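Notes follow the structure.
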Amino acid sequence: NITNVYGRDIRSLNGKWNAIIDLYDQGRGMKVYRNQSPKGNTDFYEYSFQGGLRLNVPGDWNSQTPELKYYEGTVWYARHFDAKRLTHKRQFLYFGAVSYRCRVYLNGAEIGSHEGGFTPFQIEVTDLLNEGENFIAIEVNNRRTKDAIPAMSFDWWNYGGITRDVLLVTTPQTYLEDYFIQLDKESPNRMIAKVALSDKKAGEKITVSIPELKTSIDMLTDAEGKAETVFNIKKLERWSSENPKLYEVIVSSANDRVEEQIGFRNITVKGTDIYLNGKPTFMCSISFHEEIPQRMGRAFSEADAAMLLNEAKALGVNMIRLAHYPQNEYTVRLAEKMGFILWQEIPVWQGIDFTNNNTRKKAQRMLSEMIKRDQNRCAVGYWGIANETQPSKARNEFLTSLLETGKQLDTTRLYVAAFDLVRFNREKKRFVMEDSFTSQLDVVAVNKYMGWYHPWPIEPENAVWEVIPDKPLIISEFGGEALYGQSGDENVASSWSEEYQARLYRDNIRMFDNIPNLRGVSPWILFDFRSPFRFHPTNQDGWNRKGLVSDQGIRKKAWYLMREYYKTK
Amino acid sequence: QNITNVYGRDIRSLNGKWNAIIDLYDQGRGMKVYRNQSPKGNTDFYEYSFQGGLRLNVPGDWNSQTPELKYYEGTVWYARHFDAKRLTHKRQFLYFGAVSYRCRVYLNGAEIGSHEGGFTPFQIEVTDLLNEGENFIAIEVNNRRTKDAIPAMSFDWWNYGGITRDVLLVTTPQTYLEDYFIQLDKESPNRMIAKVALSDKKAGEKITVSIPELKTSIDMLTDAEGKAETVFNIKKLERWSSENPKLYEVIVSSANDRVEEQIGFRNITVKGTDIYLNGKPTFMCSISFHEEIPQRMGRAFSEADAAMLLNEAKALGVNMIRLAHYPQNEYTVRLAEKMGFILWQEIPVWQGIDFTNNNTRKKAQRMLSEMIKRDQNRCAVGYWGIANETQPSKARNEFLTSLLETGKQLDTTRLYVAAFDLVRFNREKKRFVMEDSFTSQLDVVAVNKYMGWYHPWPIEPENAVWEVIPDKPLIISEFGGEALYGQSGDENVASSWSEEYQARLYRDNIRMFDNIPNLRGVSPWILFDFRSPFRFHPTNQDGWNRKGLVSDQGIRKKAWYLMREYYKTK
Amino acid sequence: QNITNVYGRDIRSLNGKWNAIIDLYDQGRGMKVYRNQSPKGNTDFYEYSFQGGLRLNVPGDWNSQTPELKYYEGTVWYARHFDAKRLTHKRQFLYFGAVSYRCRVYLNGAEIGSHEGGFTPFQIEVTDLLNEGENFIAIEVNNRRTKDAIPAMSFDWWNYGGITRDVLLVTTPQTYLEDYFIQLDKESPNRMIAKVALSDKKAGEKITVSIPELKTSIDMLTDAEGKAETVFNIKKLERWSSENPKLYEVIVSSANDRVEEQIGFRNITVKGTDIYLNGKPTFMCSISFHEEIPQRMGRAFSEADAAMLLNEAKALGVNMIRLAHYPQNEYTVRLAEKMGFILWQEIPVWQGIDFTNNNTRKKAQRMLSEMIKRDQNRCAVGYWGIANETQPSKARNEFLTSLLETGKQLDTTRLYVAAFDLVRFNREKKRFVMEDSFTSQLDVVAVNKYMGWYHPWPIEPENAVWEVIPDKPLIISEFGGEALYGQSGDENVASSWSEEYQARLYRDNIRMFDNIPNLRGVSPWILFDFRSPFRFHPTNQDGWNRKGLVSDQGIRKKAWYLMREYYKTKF
């Protein structure tokens, strides 16, 4: 899979695609991908890709027409386009994300497939493009199954469709495939530069430039085409939230050449303190889903990133948890430019089947797609392997096999997981937790909703945690629900009132001091978002109302409290 | 198990606007939303409510009520309050004409019943479970397609979910008339079977059947199983016929119970390759329609719906109605009886079904039994259908054979049929023939062929001769082709979706029908355009199988008049 | 003006899916979308097309076809292609059964006609205007409410716009029978009338009316105006009635033209406080319904629609149907005639419109003639109604009387009626009463009164005694109250919207009908729930006037049965 796809020679295939809603999964059996028209006087075809529904690409389909809102199943996307077959350079179809599973058909024939709706994938078509007009037809499916990631239930909407850019990539016949150019784990001056080619020949040479620095390394490929060196770097200005430093890095070779803006930093841990570069940093975070609430559909563009991140800005955060799945690159790249530390996880959690090994491979596969795509993102200071799980036999293996997979790819960043297992034993009047697996981590994250799902069992001021005192602690989810505009009694949870929410936030803030290892907090969540089991007809109406901003973009009373808390660090 | 003639009992309707929650990821059951919990403390809260939100009409599909529900598959929760009086003396039941496709019924916070299969009724006794005054009922209605269901993952009609027919409160005395079967013995123009059964199993209770119009009253007594049975003879009896549809006031009575019903009487028989209605050989001028009202894109459920569907069939001139691929509601059926239509009712078994699944054989057997038992006193029915087209196989033929065994143990007065798409043209005999030995155990053999449409004409229509099961009566139960109403196109081009092509196609099949010696009925597929999720052509189909002789808007196509004229010569 | 019996001519449907453009700002005419200009080359570009997007079904209202159109008021452009042969011998017309409310028609690039009023037909001859083969027709359809229209700014039903009835191309020979009127004379049970006209204002030409079943045939010839006419005796005549609705085959021949039609024959007469039908004094067990299919939220237009509406009325036990406040479509009327419903049909004038606008009087008159013209031969139409409830004044009395004159010139076989809501309880007399001199001019007086709904009971029902117009026959043309099917409530609480309250209402009103000496007809408002934009109650109404005996979903309410049992006691 080709890294830094946006530095390459790309033609976008976004726009209006013809579509067929295929509820009974009959289109394949009818070979709709051939796009047949009646030839004679006796033949006919009960479908067509002209003059009917057209869906916007990129996007979810659910927000595009009200009939599609709850649609699960197969939708056929199709499109004509123009290619030119090339003597010299090769060509690939590239997909940012297709939710959830798909089959790609170019000119009447299956050419590839993929599963997992948040990670990119590509198919080569150098020897497949007809010259001039081509016909591309994709069957996108989002049916929930017990063996998927995520599985049958999850607290967000099952958006289907081609949810990110469709790109035609052109590369020279022997191109730079992957590279990994980042600053060493614990040391601030030692630089790694792993690079790989497309062809596998020894003796080809690879060179890494940084012209702002006065640095330029050469290396020779091995038989597998890969090159790996480690070297010293000089007047190096490390990326931070304060100044988001990104240099212009250049990789070149025989006949390929990529430019990427890349930054460098050390993030590590000893004891219960998290060190960005030199200084120990407190993580003043926020999460949000990949979703623009005002149009009730997936976020997919540069403009969408501006809106989501420019609100995280005004709230004054230094970190961002990208919810529960890898989000798109416009968001990730724009957060790196602006200064947010990033945490990015795969949608693994208790609802996954830890029995099934095919799902363990899917998990390891998705983790790798995540780590690979964003391996050069100094903003990403965390990799998440799971949200709330419970300690079991298959669980501990499953997750350890995920750190196994991940660590074989990148040990610069940290491996966190979230837990919902803080409990209140009465005898000691404090909040404990006992889970053996927590040792294998770097940071530990707790999801707890004090004064929402968990009624305060003692005064906040006095409520103290003894949860895993050895490693640092991030509260990755807390908060509660409120409908913007709804007033009510600040002592009544079910009022769904900005008053009660703001008081839930007051009580929680006063609880944070009562634990010594908190090195960050993150409210769930920045914006109200769509979830299919938020059934309350007048309070929820399909929305998880825990956001600090309502589905209409307007800040709740709790938001201004969190602004003030973050201003003081 | 099931109370016959429900609309002759002490009934109150629970129809109306029920409160509704769409439950896409099926979380409602675990949250126990059927408990109807309201917050009462300062730390309480529930993420559901059955007040202030979506309300769905009952009865009806949900698909046509809101555009978000048009393609909705999954669970929808229906709920409402109702008042009831806990009657010291009597018994009270809940009765569902149909809930599609599967459901769990909860009353006052407690599960009390379930059902699978979306076209047949079922009931739950609630005598001991009702509060006095306000009661609350929640129903988990689900329509997810599964491999083991009937139908299964794919079928040529829309997957309408909901409480599609009446919800009834039935009051009966503590010992009530549970069931009765009163029809002419077959063949026999004036012998009357009368099987009757009480609810308690008690010996020697009196039971009376009267037909005051025929000055007949007949007394009997229960056997240990509370069942009674008598044959008797009857004179000056008019027999129900498609020509004049006579029906009789019939009264069943016990010590405490009594129920009235309009029942007619007839004999339908086969001899060789002919079908005999009340002695006279008769040719079945037939049509089908789905249980659907095309102008609103929803299921049909009322007396008014019945009239609209059935008066369009009367206007065509037909004497028979094939009720699609499933039993339809009691309104449509009893209005057809009143208006003199012969009825064919089948269960949605076809090739798609999983025949290697014993529970699926049992599910088919229970559906065919619910169908037969509900309509056993409807003299208008002369054909129990057991399957649409199915390919031979050991697993299939044991299956279908077990459908015949199940029916005959309930009913022998009506004909049994199944439909077959195994008609083939070999160039050798220059004929149309069919290789299937299951046909031996059918009374009538139905065939679905679409010449000039799915299967284009190899030989000229006037030269198309048929050698299909030539020792039995043969009915073409499906044929036709598609047309968008109003669209003019070239008479010769099938893909034109023109009315003019569909007329010519119907012209040609009229020819073919004269070359078919054992042919004793035809039946266009279909009366109205209907909804189907794999008819994708954006501009000619848009979700419609345009094979109707009438448009989705209810305008008659060119081909409709040809069939009216074919049907006047009969 | 309008060719009689369009459905018995040489006709050709133009129904089916047309392409549409929603013209919110009425910028369509300014850019001449009716020319269907496609771009020529690099310079040309056009901001409109008539293929590729939205298609509206014809016939129908646009409101029920897409939710974006439910409330839409403005111009919608309908257009389509169609083929045609130019026949020099024969002539050809476009016939619109109804376009609501107003429209301009645009053949092949230029306007060719217009019409105003959305419940009655019109037509345009096109003979010398058709191309050969491809013809293009665009229709600018508009439903903006106005102060000077009939109806005007407010009315108690949905403002359905669009091409709501059939659209036909009709062929007739160059000279044809443009019109005929053939009905028994008023009062007399065996003498028939037989008027005919022709396109050519030509003397001498001969017409031959004849009805095979009664072995009776008559010849006649035209005056200089083309209009023949005679009266004649006819024998063994079976007359049309509710119990036995005899229609007859009627053939009429000219030189080059011949038309058949089912027509029956009956006598409708008022003598005293009594309505007489074929001499028989008869009580009108009536009901009304709008031209609407509730489950679909749309106008009716087809035979299927008609059968659903009329089989629900037959089930209830009625001999009469009041077709609500406007003339309805020819399918409904004609099938009602075949089933045996006496029909009352009226125009939508009532207190709302501007009686001081002589121009609006002209519209009212042109609309009453169109209604009377189209359905001249419908022996089941027993009543023309000129107005729903209106209140006395100089301009009103003038406005109404002129309509009575307009009509009585065109027809005197049927009763004329109007509705009134002026019945007050006089506390002194303890009686229900009305004074209104204009009533004397009517054959029958209709009253709208909602005792126990709009007007709470001032006296116990069995003591409600009417002395309303003691000398004319009285018909209570509207009464009733609202209920939401399924909703339980206190039978004493009218805001409960409960079937229980609406049944009590109906029992109480039934009881009052025993106390009205000149009562010769009752007629519930209404059969089905129907749409109206000021029935606002969010959970009781939701845009439904809930006064139907049958819900918007087609299920009978508890009141439906009391009226059934009431009608069985009137036979």
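Following the order of the structure tokens, chains are lettered A, B, ..., residues in each are numbered from 1, and ligands are numbered from 1.
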
Practice prompt. Write down as a PyMOL selection string the residues belonging to range 93-153 of chain B that are assigned strand (DSSP E or B) by DSSP computed on the backbone.
Written response: chain B and resi 93-96+100+102-107+110-116+122-125+133-142

Worksheet item: Can you list every residue in range 364-559 of chain A that DSSP puts in alpha helix (DSSP H), as a PyMOL selection string?
Response: chain A and resi 364-373+393-407+498-512+557-559

Item to complete: One decimal, Å: what's the distance from CA of residue 46 in chain A over to CA of residue 537 in chain B, could you say?
Response: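 Straight-line distance from CA of residue 46 in chain A to CA of residue 537 in chain B works out to 5.0 Å.
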
Neighbouring residues of residue 323 in chain C were defined as those with any atom within 9 Å, considering only C-alpha atoms; residues of the same chain fewer than 4 positions away were excluded. Please report them as a short mmCIF file (atom, residue, chain, number, x, y, z; two decimals) with C-alpha atoms, in the first residue's frame.
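Saved to selection.cif:
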```
data_model
loop_
_atom_site.label_atom_id
_atom_site.label_comp_id
_atom_site.auth_asym_id
_atom_site.auth_seq_id
_atom_site.Cartn_x
_atom_site.Cartn_y
_atom_site.Cartn_z
CA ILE C 287 -73.79 10.93 2.60
CA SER C 288 -70.98 13.10 1.21
CA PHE C 289 -67.32 12.43 0.45
CA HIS C 290 -64.58 14.60 -0.96
CA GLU C 291 -62.86 13.67 -4.19
CA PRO C 327 -68.38 18.60 -9.30
CA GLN C 328 -66.41 15.34 -9.22
CA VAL C 333 -70.57 10.11 -11.33
CA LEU C 343 -76.52 12.32 -6.89
CA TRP C 344 -76.38 15.91 -5.63
CA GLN C 345 -73.67 18.00 -7.25
CA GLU C 346 -72.76 21.64 -6.56
#
```

Discussion item. My list of candidates is A:264, A:180, A:6, A:47. Which is closest to chain B when distances are computed with only C-alpha atoms?
Written reply: A:47

Each chain C residue no farther than 10 Å from chain A, nearest pair in Å, only C-alpha atoms, as a Markdown table:
```
| residue | atom | partner | partner_atom | distance |
| --- | --- | --- | --- | --- |
| C:51 | CA | A:51 | CA | 9.3 |
| C:52 | CA | A:51 | CA | 6.0 |
| C:53 | CA | A:51 | CA | 7.8 |
```

Discussion item. So that I can check the surroundings of residue 144 in chain C, please list as a PyMOL selection string every protein, DNA and RNA residue that reaches within 10 Å of it, counting only C-alpha atoms and ignoring chain neighbours fewer than 4 positions away.
Written reply: chain C and resi 72-75+100-102+149+152-153+159+161

Practice prompt. Restrict the distance test to only C-alpha atoms, flag each residue of chain A within 6 Å of chain B, and return the flagged residues as a PyMOL selection string.
Written response: chain A and resi 24+41-42+44+46-48+52+66-67+69+153+492-494+534-537

Generate the output file for the selected residues, C-alpha atoms, as a PDB file, in the first residue's frame.
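Listed below is the output, out_17.pdb:
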```pdb
ATOM      1  CA  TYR A  24     -32.139  -8.602  -1.624  1.00  0.00           C
ATOM      2  CA  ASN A  41     -35.711  -7.242 -30.047  1.00  0.00           C
ATOM      3  CA  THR A  42     -36.063 -10.106 -27.538  1.00  0.00           C
ATOM      4  CA  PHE A  44     -33.958  -6.910 -21.866  1.00  0.00           C
ATOM      5  CA  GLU A  46     -34.081  -4.987 -15.439  1.00  0.00           C
ATOM      6  CA  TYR A  47     -31.530  -2.400 -14.301  1.00  0.00           C
ATOM      7  CA  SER A  48     -29.422   0.473 -15.583  1.00  0.00           C
ATOM      8  CA  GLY A  52     -31.837   7.241 -11.918  1.00  0.00           C
ATOM      9  CA  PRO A  66     -34.623   9.899   3.734  1.00  0.00           C
ATOM     10  CA  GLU A  67     -35.316   6.449   2.210  1.00  0.00           C
ATOM     11  CA  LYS A  69     -31.425   6.667   6.400  1.00  0.00           C
ATOM     12  CA  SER A 153     -24.035  -3.513  17.882  1.00  0.00           C
ATOM     13  CA  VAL A 492     -32.389  15.666  38.077  1.00  0.00           C
ATOM     14  CA  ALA A 493     -30.495  13.492  35.578  1.00  0.00           C
ATOM     15  CA  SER A 494     -33.499  12.663  33.307  1.00  0.00           C
ATOM     16  CA  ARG A 534     -30.643   6.616  21.652  1.00  0.00           C
ATOM     17  CA  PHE A 535     -34.378   6.021  21.481  1.00  0.00           C
ATOM     18  CA  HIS A 536     -35.830   8.754  23.685  1.00  0.00           C
ATOM     19  CA  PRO A 537     -38.268  10.419  21.255  1.00  0.00           C
TER      20      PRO A 537
END
```

Worksheet entry | Contacts of residue 248 in chain C within 8 Å, only C-alpha atoms, excl. fewer than 5 positions in-chain, as a list in words |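 Non-adjacent residues within range: residues 211, 213, 261, 262, 263 and 264 of chain C.
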
Discussion item. So that I can check the surroundings of range 215-224 of chain C, please list as a ChimeraX atom specification every protein, DNA and RNA residue that reaches within 9 Å of it, counting only C-alpha atoms and ignoring chain neighbours fewer than 2 positions away.
Written reply: /C:196-198,201-213,226-230,232,234-235

Keeping only C-alpha atoms, take the residues you just selected and write them out as a PDB file, in the first residue's frame.
```
ATOM      1  CA  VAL C 196     -79.079  17.940 -30.452  1.00  0.00           C
ATOM      2  CA  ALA C 197     -76.617  20.421 -31.955  1.00  0.00           C
ATOM      3  CA  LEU C 198     -73.781  20.241 -34.488  1.00  0.00           C
ATOM      4  CA  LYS C 201     -74.587  25.930 -38.027  1.00  0.00           C
ATOM      5  CA  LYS C 202     -76.383  24.320 -40.958  1.00  0.00           C
ATOM      6  CA  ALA C 203     -80.057  23.854 -41.740  1.00  0.00           C
ATOM      7  CA  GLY C 204     -81.507  20.754 -43.345  1.00  0.00           C
ATOM      8  CA  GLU C 205     -79.011  18.227 -41.937  1.00  0.00           C
ATOM      9  CA  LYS C 206     -80.669  15.210 -40.303  1.00  0.00           C
ATOM     10  CA  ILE C 207     -80.168  13.578 -36.872  1.00  0.00           C
ATOM     11  CA  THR C 208     -81.673  10.239 -35.781  1.00  0.00           C
ATOM     12  CA  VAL C 209     -82.077   9.574 -32.062  1.00  0.00           C
ATOM     13  CA  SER C 210     -83.056   5.990 -31.225  1.00  0.00           C
ATOM     14  CA  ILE C 211     -83.093   3.561 -28.302  1.00  0.00           C
ATOM     15  CA  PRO C 212     -83.186  -0.100 -29.394  1.00  0.00           C
ATOM     16  CA  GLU C 213     -84.495  -1.682 -26.183  1.00  0.00           C
ATOM     17  CA  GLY C 226     -77.675  23.221 -36.420  1.00  0.00           C
ATOM     18  CA  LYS C 227     -79.887  22.564 -33.391  1.00  0.00           C
ATOM     19  CA  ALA C 228     -82.709  20.045 -33.739  1.00  0.00           C
ATOM     20  CA  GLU C 229     -85.327  19.341 -31.066  1.00  0.00           C
ATOM     21  CA  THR C 230     -88.552  17.408 -30.487  1.00  0.00           C
ATOM     22  CA  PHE C 232     -92.164  12.356 -28.061  1.00  0.00           C
ATOM     23  CA  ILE C 234     -92.343   6.323 -25.419  1.00  0.00           C
ATOM     24  CA  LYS C 235     -93.811   3.057 -24.219  1.00  0.00           C
TER      25      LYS C 235
END
```

Worksheet item: Counting only C-alpha atoms, what is within 8 Å of residue 469 in chain C, bar same-chain residues fewer than 5 positions away, as an MDAnalysis selection string?
Response: chainID C and resid 433:435 439 445 474

Residues of the last selection are to be written out with N, CA, C and O atoms, as a PDB file, in the first residue's frame.
```pdb
ATOM      1  N   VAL C 433     -85.078  27.769  14.354  1.00  0.00           N
ATOM      2  CA  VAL C 433     -85.763  28.580  13.356  1.00  0.00           C
ATOM      3  C   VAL C 433     -84.754  29.259  12.447  1.00  0.00           C
ATOM      4  O   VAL C 433     -83.572  29.389  12.765  1.00  0.00           O
ATOM      5  N   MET C 434     -85.253  29.710  11.305  1.00  0.00           N
ATOM      6  CA  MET C 434     -84.464  30.403  10.306  1.00  0.00           C
ATOM      7  C   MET C 434     -85.413  31.289   9.527  1.00  0.00           C
ATOM      8  O   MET C 434     -86.527  30.874   9.212  1.00  0.00           O
ATOM      9  N   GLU C 435     -84.991  32.511   9.259  1.00  0.00           N
ATOM     10  CA  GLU C 435     -85.705  33.382   8.344  1.00  0.00           C
ATOM     11  C   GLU C 435     -84.750  33.731   7.229  1.00  0.00           C
ATOM     12  O   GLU C 435     -83.614  34.136   7.495  1.00  0.00           O
ATOM     13  N   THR C 439     -84.974  31.552   0.315  1.00  0.00           N
ATOM     14  CA  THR C 439     -85.285  30.128   0.285  1.00  0.00           C
ATOM     15  C   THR C 439     -86.466  29.812  -0.627  1.00  0.00           C
ATOM     16  O   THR C 439     -86.478  28.771  -1.295  1.00  0.00           O
ATOM     17  N   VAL C 445     -84.489  23.091   0.471  1.00  0.00           N
ATOM     18  CA  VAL C 445     -83.664  23.888   1.363  1.00  0.00           C
ATOM     19  C   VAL C 445     -82.762  22.957   2.161  1.00  0.00           C
ATOM     20  O   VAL C 445     -83.240  22.073   2.891  1.00  0.00           O
ATOM     21  N   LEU C 474     -87.109  20.025   3.642  1.00  0.00           N
ATOM     22  CA  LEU C 474     -85.855  20.302   4.330  1.00  0.00           C
ATOM     23  C   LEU C 474     -84.921  19.105   4.222  1.00  0.00           C
ATOM     24  O   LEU C 474     -85.364  17.958   4.351  1.00  0.00           O
TER      25      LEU C 474
END
```

Discussion item. Please identify all residues of chain B having at least one atom at most 6 Å from any atom of chain C, considering only C-alpha atoms, and return them as a ChimeraX atom specification.
Written reply: /B:15-16,296,304,307-308,485-486

Worksheet item: What is the distance between CA of residue 297 in chain A and CA of residue 353 in chain A, in Å to one decimal?
Response: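 One can read the CA of residue 297 in chain A to CA of residue 353 in chain A distance as 28.2 Å.
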
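The smallest atom-to-atom distance between residue 549 in chain A and any of A:287, A:241, A:375, A:355, using only C-alpha atoms, is found for A:287.
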
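Picture a line from CA of residue 519 in chain C to CA of residue 281 in chain C; it runs 12.4 Å.
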
Worksheet entry | Residue nearest residue 84 in chain A - candidates A:212, A:43, A:60, A:131, atoms counted: only C-alpha atoms |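 When distances to residue 84 in chain A are compared using only C-alpha atoms, the smallest one comes from A:131.
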